[PDB]
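Same chain, two versions here, written out as structure tokens and called structure 1 and structure 2.
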Structure 1
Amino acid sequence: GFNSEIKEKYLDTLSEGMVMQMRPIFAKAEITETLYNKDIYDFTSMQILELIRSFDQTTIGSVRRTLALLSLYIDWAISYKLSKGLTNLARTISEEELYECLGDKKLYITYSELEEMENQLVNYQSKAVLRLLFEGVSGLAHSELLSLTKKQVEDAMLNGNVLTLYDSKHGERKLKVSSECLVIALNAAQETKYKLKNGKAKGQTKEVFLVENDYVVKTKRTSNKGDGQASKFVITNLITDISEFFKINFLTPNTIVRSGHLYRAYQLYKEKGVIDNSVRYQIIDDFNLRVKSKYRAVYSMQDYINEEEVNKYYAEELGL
């Protein structure tokens, strides 16, 4: 592409599979290279992030793989003193910064993405809102999530992981969830402090107090609301703080819930080869969704529960 001779020299050293991986990267990089009028090996770290973002990739995994290949090319270029500077600025990049490169095609998250994010989050309030929304504990006005108590979590733990949720408008509803979900919620329901900027605060105050109660989602004491149930704005703010840590713009209660549905669809698509209305029926049943007419909802789901989307996000898991 840009710097044809050098590129092809490096491609000669590769193993064809690697060459098939690199040809598209160099192709899509040509234009950023010609704009900056330099090769990738002289790019700065932020310029490398801008490049990878310009690839518009939908998973943190594909982003990690892309960065790795670029780092290999850069090591190569350093060894031959082609690079102006002699350090691999692609190696100085941190785990959160990669989420900047996730492009804007992305709307939904994969289960592996969820676990990685959770791992990077110091507060159990954050982990909990993410996980519980993923597994379907959202209600109308998030009533099922905001009324959730430690006792409900414990009972579920002693009940084959079946939560009895309370939506204020529609009433009671049962939901089987994972043990990870329940342990995370158990910790969240006992958390007394919340670390600002995901534990990377610069100023004098690093944490703030939460209210004293038995609810999983807890208001902050300063907010002047009661020591009882939290409002929907607490969930909005928790997700905002997460999005700011990872510098991403697609997270919404809706998209998280639907990511859960999509992951279930991926599993069933592996098991049974194709997604159809039986798969969608099964999803309605597993997440025990409130529907007036089953069939109306089955076809209403086709917009996001389909093969195009499952493949789009779960390709590598599919081995495609």
Structure 2
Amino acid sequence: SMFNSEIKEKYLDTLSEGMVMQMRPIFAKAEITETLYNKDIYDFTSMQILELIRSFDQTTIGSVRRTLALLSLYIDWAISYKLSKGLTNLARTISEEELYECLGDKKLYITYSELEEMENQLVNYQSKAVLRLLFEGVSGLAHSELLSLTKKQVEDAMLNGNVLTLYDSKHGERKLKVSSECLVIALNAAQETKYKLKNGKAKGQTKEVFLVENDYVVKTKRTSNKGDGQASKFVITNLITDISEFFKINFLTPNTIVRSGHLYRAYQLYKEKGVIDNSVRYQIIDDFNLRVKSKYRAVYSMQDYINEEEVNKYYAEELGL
């Protein structure tokens, strides 16, 4: 039911009825972790706070942040009563990146607002560009659309209603409308000469590494001893890896990022329409000009992730629930 009951009930007794409603469930879900370490939340280490919250299995950064803030209030109260062994509130030491480590292991997809917050903490344009370009649908077989992308296509798209012309190694050409932000990020990434390691935090003597000189947006490193030609598959995965290491998350894969794009578009339609059904799915396909065997097949595949359950899960705050 609850760990350290008579102390928790003493804290609860100082809160409004509405606060008791928020704080109580946190203590019930917390109980099993507290009995595992045989100590209270207020004696938890940083890591144990981050683990604790992950066990609540929360979907969004926004909700994690509300959960952490509630936990701080309890810890401060416990500090002011000197129940805590430690003198400082360890929930307050939790940095912005560490918030992503709090995300539950069910989380598969990123919201648009999460994409924007992640972009803003990523110092490299190679990092920013792969995230965004994938979210907005630039991805062929083995990421051929993304790896074959040049300044010139980016430049042309800006002067053509933001409509990119994409080159795939299997099927050839595809037309995709993207955002202006995506195109400016793509244009920066295509002229970048350096790549800071560990997202600008590299501890070592070596902090940056030279990139190849070419007109491609996705660039191989000079020390890899590949040409001034296109990058391979593995560069995309390594760029996602370095993003994933900075935020310390394990759900982020090229396919996952591409879906999140589809899932954000589904939210926008759900807000106006109020249903998610095959009509929505057909619209997403031709909004992203989707490269598919057939459309009906794609619409079937999309029922795994494009549905009301997933949209309510990821976008609850934005929907007003």
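All residue numbers here refer to structure 1's sequence, counted from 1. For the two forms, the rigid core is made up of the largest set of C-alpha atoms that agree within 1.5 Å on superposition.
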| item | value |
| --- | --- |
| Out of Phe55, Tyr266, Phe287, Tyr36, the residue that alone shifts its CA by 2 Å or more between structures 1 and 2 when the rigid core is the reference | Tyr36 |
| C-alpha of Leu86 off by 2 Å or more between structures 1 and 2 on rigid core | yes |
| Core-aligned C-alpha movement of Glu308 between structures 1 and 2 reaching 2 Å | no |
| CA of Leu165, rigid core aligned, shift of 2 Å or more between structures 1 and 2 | no |
| Cα displacement of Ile74 between structures 1 and 2, once the rigid core is superposed (Å) | 2.2 |
| Angstrom shift of the Cα atom of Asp12 between structures 1 and 2 (superposition on rigid core) | 4.0 |
| Rigid-core-fitted C-alpha displacement of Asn123 between structures 1 and 2 (angstrom) | 0.3 |
